[PDB]
């Protein structure tokens, strides 16, 4: 199965995020290319609950968290399913890369198809900040761009 989200906004940030998962048990490969970010920075990157774009990136809702855990890093045992950590931007403000994740799925009851990908204007503290907020959003800040995850071939 393949899916794709086109990130759009009014802040100069835009990009494309691709997802690929063969079977439900296999890890999903996430590949992204995002431009217009601050250069040489780390930016919060997550899958939010709703694929609702009626109110910009606001209507995307909170981080996808069907298991009701706290916010963490992708490598943490305790994390939201949608937690993809920070992407690093280069000297030209481009974030490009890929990774495999075992919690994010395109198949099954926790499928992210129809939900949203959100790139933030700030750095995700990975739930390590000493604030209640750190455990909810990672203090990643505003949402300059987002897109609904759709099916593709």
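Residue numbers count along the first chain shown, from 1.
For the segment pair 12-20 and 132-140, the entry gives 132-140 the higher mean B-factor, averaged over Cα atoms. Just going by the entry, 89-97 versus 47-55 on mean CA temperature factor gives the higher value to 89-97. Looking at 115, 63, 68, 120, the one whose CA carries the top B-factor in the deposited record is 68.
In the deposited entry, the Cα temperature factor of residue 35 sits in the bottom third of values across the chain's modelled residues. In the deposited entry, the Cα temperature factor of residue 110 sits in the bottom third of values across the chain's modelled residues. Among all modelled residues in its chain, residue 72 ranks in the middle third by Cα B-factor.
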